[PDB]
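Engineer: can you look at this? It's an experimental structure, sequence on top.
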Amino acid sequence: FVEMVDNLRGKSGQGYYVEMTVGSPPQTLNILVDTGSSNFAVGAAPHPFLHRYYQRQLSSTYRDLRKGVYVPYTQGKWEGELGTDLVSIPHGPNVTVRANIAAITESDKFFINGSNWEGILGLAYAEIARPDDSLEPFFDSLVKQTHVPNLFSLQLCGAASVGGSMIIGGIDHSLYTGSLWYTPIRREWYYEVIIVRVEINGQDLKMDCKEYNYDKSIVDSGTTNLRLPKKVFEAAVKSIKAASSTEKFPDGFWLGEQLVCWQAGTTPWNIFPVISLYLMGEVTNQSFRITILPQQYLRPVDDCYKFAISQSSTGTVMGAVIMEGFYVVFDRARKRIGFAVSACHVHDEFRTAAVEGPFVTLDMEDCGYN
Ligand SMILES: CC#Cc1cncc(-c2ccc3c(c2)[C@@]2(COC(N)=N2)c2cc(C4=CCOCC4)ncc2O3)c1
């Protein structure tokens, strides 16, 4: 899979994108990689933020589905016109498939001023596709029309340019150390998982585990932060505050209202605690844990940083803060997600991100919200 290594680019806070082509002859576009949605949607009009856009009038293979799609989401919206066309990934498998493409014709707070991407590749499942589950997601078409195995993995590396790898149809063993540990995909809509225990510097938060997954937990390459349900965010911050009490920061810092800065090269990593999420394992009463560093949850912006853990009303979102520590395998074929220590995660000489197990955890099914 050497061809696919380093096929992801981005800027901090603006997501990870992959090069794709659409139409005949192929039109090159950079596309945001998003495991937290299920539509392939591309700029199709000359929005001033866009480097380029899909021009259907130049594609001999374009087919108009004669249907609109209207996709408001939490932080923005896009609307467009559904069709199909030939789609390939130059630094992906050597294949081309006919996929659904939403040609974006109106939008608000969707495109980022200064970004280098023009569209969005929703890698999650048909259940949450717009307008409905009859609109086959890209990855489903890829697997259905080719021999590409039904899995992909992401290595997101971070720093200001970021980079990473999207391995389509496989696992590249050079991208991780130690073993992969798998947690079940609870339901095929989002990439939903179940967190069964939370530790700050090894100290259990001692919350009812349902709270950790209220109303769901998801693995989301399209979110920068680790987002936590309100009640869990309260406890997490209280514990991280206590752990980091050597140095006092404004209350706003913890809420993402302001940045904290240190002299270039003297960030006190060691006063900040590690954060461990235990995930439901593959076997009854068995779990594993993934552990991230402040290198992951304190994000560059003197060296100044943003606290990149935040409260949610939509459940836990394991965003880039989690994923940048790990090689993450979206094993759709076996309805499971693998975690392993990432060969590229940022760390120091004292601590590294970790994936460890097995542990004994009882009543893990009670942790899921219904
Ligand atoms: C890592 C990272 C990142 C990142 C940084 N800046 C902006 C984005 C971004 C841009 C457009 C965008 C989305 C994110 C976003 C929001 O969260 C996720 N997972 N995808 C998104 C989600 C949706 C959805 C439509 C229907 O429900 C599911 C999600 N539609 C459009 C979207 O556009 C991602």
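Structural biologist: Here it is on my side, so go on. Numbers count the residues shown, from 1 in each chain.

Engineer: what's the neighbour count on the residue in the stretch 1-150 of the chain positioned nearest to the ligand?
Structural biologist: Nearest residue of the stretch 1-150 of the chain to the ligand: residue 36, at 2.7 Å (Cβ to the nearest ligand atom). Using the backbone N, CA and C atoms, a C-beta is placed for each residue, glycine as well. The number of residues packed near residue 36 is 20, by other Cβ atoms under 10 Å.

Engineer: show me the helices in this structure, by range?
Structural biologist: Assigned by DSSP state H, the helices in the chain fall at 138-145, 230-243, 251-254, 294-297, 320-323.

Engineer: so what touches the fourth one?
Structural biologist: Contact partners of helix 294-297, identified using Cβ atoms under 8 Å, 6 or more residues apart in numbering, comprise 226, 269, 272-275, 307-309, 321-322, 324-325, 345-348, 353.

Engineer: close to the ligand: what parts of the chain are there?
Structural biologist: The chain has residues 13-16, 32, 34, 36-37, 71, 73, 75, 110, 120, 128, 130, 220-224, 319-320 near the ligand, with proximity defined as Cβ under 6 Å from any ligand atom.

Engineer: follow-up on the earlier one: residues contacting the residue of the stretch 1-150 of the chain closest to the ligand?
Structural biologist: 122, 124, 190-191, 218, 220-223, 317 are the contacts of residue 36 under Cβ under 8 Å, 6+ apart.

Engineer: show me how this protein divides into domains.
Structural biologist: As recorded under curated CATH domains, the domains making up the chain are 16-148, 149-370.

Engineer: let me have these in CSV, extended by distance to residue 2.
Structural biologist: What follows is the domains of the chain, written out as CSV (distance: least, Cβ to Cβ, whole Å):
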stretch, distance to residue 2
domain 16-148, 10
domain 149-370, 8
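
Engineer: nearest spatial neighbour of the spatially most central residue of the chain, skipping sequence neighbours?
Structural biologist: To find the centre residue of the chain, average its C-alpha atoms and take the closest one (Cα atoms, centre = their mean): that gives residue 221, at 1.2 Å. The spatial neighbour of residue 221 that comes closest, neighbours along the chain excluded (Cβ to Cβ, 6 or more residues apart in numbering), is residue 35 at 4.4 Å.

Engineer: okay but that neighbour is in contact with residue 222, surely?
Structural biologist: Yes - between residue 35 and residue 222 a contact is recorded at 6.7 Å, counting by Cβ atoms under 8 Å.

Engineer: neighbour count winner among the two?
Structural biologist: Neighbours were counted for residue 35 and for residue 222 using other Cβ under 10 Å; residue 35 has more, 26 against 20.

Engineer: which residues does the more buried one contact?
Structural biologist: 123-124, 154, 191, 219-222, 330.

Engineer: which of the residues you listed lies closest to residue 209?
Structural biologist: residue 219 (17.6 Å; Cβ to Cβ).

Engineer: sorry, back to before: what's the most buried one of the helices of the chain?
Structural biologist: Among those, the stretch with the highest mean neighbour count (mean count of other Cβ atoms under 10 Å) is helix 320-323, at a mean of 26.

Engineer: what does it rub up against?
Structural biologist: For helix 320-323, contacts defined as Cβ under 8 Å, 6+ apart pick out 16, 154, 156, 158, 219, 221, 223-226, 277, 290, 292, 296-297, 299, 308-309.

Engineer: apart from its chain neighbours, what residue comes closest to the residue of the chain most remote from its centre?
Structural biologist: In the chain, counting by Cα atoms, centre = their mean, residue 60 sits farthest out from the average C-alpha position, at 33.9 Å. Using Cβ to Cβ, 6+ apart and skipping residues adjacent in sequence, the residue nearest residue 60 is residue 24, 4.8 Å away.

Engineer: could I get the phi/psi values of the one you found?
Structural biologist: phi -130, psi 120 (degrees, to the nearest 10).

Engineer: returning to what we had before: of the contacts of residue 36, just the buried ones, ChimeraX syntax please.
Structural biologist: In ChimeraX, the members of these classed as buried (16 or more other Cβ atoms under 10 Å) are selected with the following command:
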select :122,124,190,191,218,220,221,222,223,317
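
Engineer: in strands, which of the contacts of residue 36 appear?
Structural biologist: Among those, the residues falling in strands (DSSP state E) are 122, 218, 317.

Engineer: what is the burial count for the residue lying closest to residue 75 once chain neighbours are set aside?
Structural biologist: Nearest in space to residue 75, with sequence neighbours left out and distances taken as Cβ to Cβ, 6+ apart, is residue 109 at 6.2 Å. Other residues within reach of residue 109, judged by other Cβ under 10 Å, total 10.

Engineer: distance check, the residue nearest to the centre of the chain against residue 321.
Structural biologist: Here residue 221 is placed at a distance of 12 Å from residue 321 (Cβ to Cβ, to the nearest Å).

Engineer: same thing with residue 222?
Structural biologist: Here residue 222 is placed at a distance of 13 Å from residue 321 (Cβ to Cβ).
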